[PDB]
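A.B. asks: Return atomic coordinates for the entry below.
(2 chains, ligands or ions: 4)
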There are 2 protein chains.
Amino acid sequence: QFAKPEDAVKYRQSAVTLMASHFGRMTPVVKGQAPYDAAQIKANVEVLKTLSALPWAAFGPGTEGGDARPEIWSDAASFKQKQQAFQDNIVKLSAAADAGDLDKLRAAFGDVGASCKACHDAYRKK
Amino acid sequence: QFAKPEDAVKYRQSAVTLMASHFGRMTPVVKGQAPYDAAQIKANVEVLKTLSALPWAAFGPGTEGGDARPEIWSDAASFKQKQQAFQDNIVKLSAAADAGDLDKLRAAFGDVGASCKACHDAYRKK
Ligand code: HEC
Ligand code: HEC
Ligand SMILES: O=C1O[C@H]([C@@H](O)CO)C(O)=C1O
Ligand SMILES: O=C1O[C@H]([C@@H](O)CO)C(O)=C1O
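C.D. replies: Numbering: from 1, shown residues only, chains lettered A, B, ... in the order given. Ligands and ions are numbered 1, 2, ... in the order given. What follows is the structure:
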């Protein structure tokens, strides 16, 4: 859907800004510093689920740029596995949010966060 | 969810970048220049539906900036009505996509586009 490669870079950077806000806005809730409203978090995690699928289609072939390391394209199977791990962790976070269980939420949230950091450590320019 | 007002501006600009890409990538389909796959468009419009709700919460009180006109906050009822119109047009686009009807899709897509332009004409700095 991108007229030029720069358009894919702009799209993915926007997508990761959104996904990051929908993840990180739950930090105070997971830490107990903000109240836990199960419905609020269920709805938010549904948004995060949709957003979490979007960046990956904007690393198509030819969209080299931004802070994406080139190893994203040359180790395509290894990058796909960091992305799949992250998405399966998002499924576990959805399950926790749907269950309305703060303990389960905290654990799943930590797993998600670890998966974000693991991909950045390998595939995001420093 | 924004530590500072600048964070709301960054979020909404990212949100409108995503929503714009998910809307505008359907232009070739509506024009017949790309094939119409009803399932493909149904899925895409589900993403657009989620995205289309996101910008509006990032014009909270105090988030003046970017290319948002100040009349967004001082004519809050009038801005809310441009946003509601746009969201009700998104509902009609969802219905068309769910029905798998290209004629209905084209008509709904045009209504959505008009609603985007009408809000920009009033509320987006030139
Ligand atoms: C690979 C499988 C990743 C996962 C999982 C996550 N992120 Fe990511 N992120 C990745 C790349 C390759 C890039 C660079 C994109 C580009 O083209 O520039 C990013 C970027 C971000 C950014 C922007 C940082 C900046 O300097 O602007 C943020 C804020 C970010 N990523 C956050 C984030 C979060 C919160 C994730 C889990 C919830 C997450 N990322 C996962 C690769 C990958
Ligand atoms: C008000 C009810 C709006 C509707 C409906 C739509 N848009 Fe919008 N848009 C609006 C504002 C107030 C702004 C500025 C945001 C800021 O703080 O800067 C925008 C911005 C955009 C942009 C970015 C333009 C730029 O110069 O970067 C785009 C690409 C954009 N809007 C597209 C868009 C589309 C495709 C819409 C319908 C599908 C749409 N907008 C609706 C206000 C409103
Ligand atoms: O909200 C965020 O969480 C991850 C990471 O900090 C988790 O360790 C990340 O990159 C963000 O922007
Ligand atoms: O894709 C887009 O459609 C609207 C408008 O051009 C429709 O008239 C807009 O602002 C876009 O970025």
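
A.B. asks: what sits up against stretch A:37-57?
C.D. replies: Contacts of stretch A:37-57 with the rest of the structure, by Cβ atoms under 8 Å, 6 or more residues apart in numbering or on different chains, involve A:12, A:15-16, A:18-19, A:22-23, A:25-26, A:29, A:83, A:86-87, A:90-91, A:93-94, A:97-98, A:100, A:105, B:18, B:47, B:50-51, B:54. Any C-beta I mention is one placed from the backbone N, CA and C, and that applies to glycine too.

A.B. asks: Buried subset of those residues as a ChimeraX selection?
C.D. replies: Buried residues within these, by 16 or more other Cβ atoms under 10 Å in any protein chain shown, are selected in ChimeraX with:
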select /A:12,15,16,18,19,22,23,26,29,83,86,90,93,94,97,105 /B:18,47,50,51,54
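
A.B. asks: taking the contacts of stretch A:37-57 one by one, which sit in helices?
C.D. replies: Those of these mapping onto helices are A:12, A:15-16, A:18-19, A:22-23, A:29, A:83, A:86-87, A:90-91, A:93-94, A:97-98, A:105, B:18, B:47, B:50-51, per DSSP state H.

A.B. asks: filter those residues down to the ones close to ligand 1.
C.D. replies: A:12, A:16, A:19, A:23, A:83, A:86 (Cβ under 6 Å from any ligand atom).

A.B. asks: which non-adjacent residue is nearest residue A:72?
C.D. replies: residue A:79 (4.8 Å; Cβ to Cβ, 6 or more residues apart in numbering or on different chains).

A.B. asks: phi, psi of that neighbour?
C.D. replies: Note on residue A:79: backbone dihedrals following degrees, to the nearest 10 are phi -60, psi -40.

A.B. asks: From ligand 2, how far out is it?
C.D. replies: Distance of residue A:79 to ligand 2, computed by Cβ to the nearest ligand atom, to the nearest Å: 29 Å.

A.B. asks: Could I get the contacting residues of that residue?
C.D. replies: By Cβ under 8 Å, 6+ apart, the neighbours of residue A:79 are A:59, A:71-73, A:119, A:122-123.

A.B. asks: outside of stretch A:15-27, which residues touch it?
C.D. replies: In contact with stretch A:15-27 (Cβ under 8 Å, 6+ apart) are residues A:41, A:44, A:47-48, A:51-52, A:54-55, A:58, A:109, A:112-113, A:116, B:1-2, B:7, B:10-11, B:14-15, B:18, B:54.
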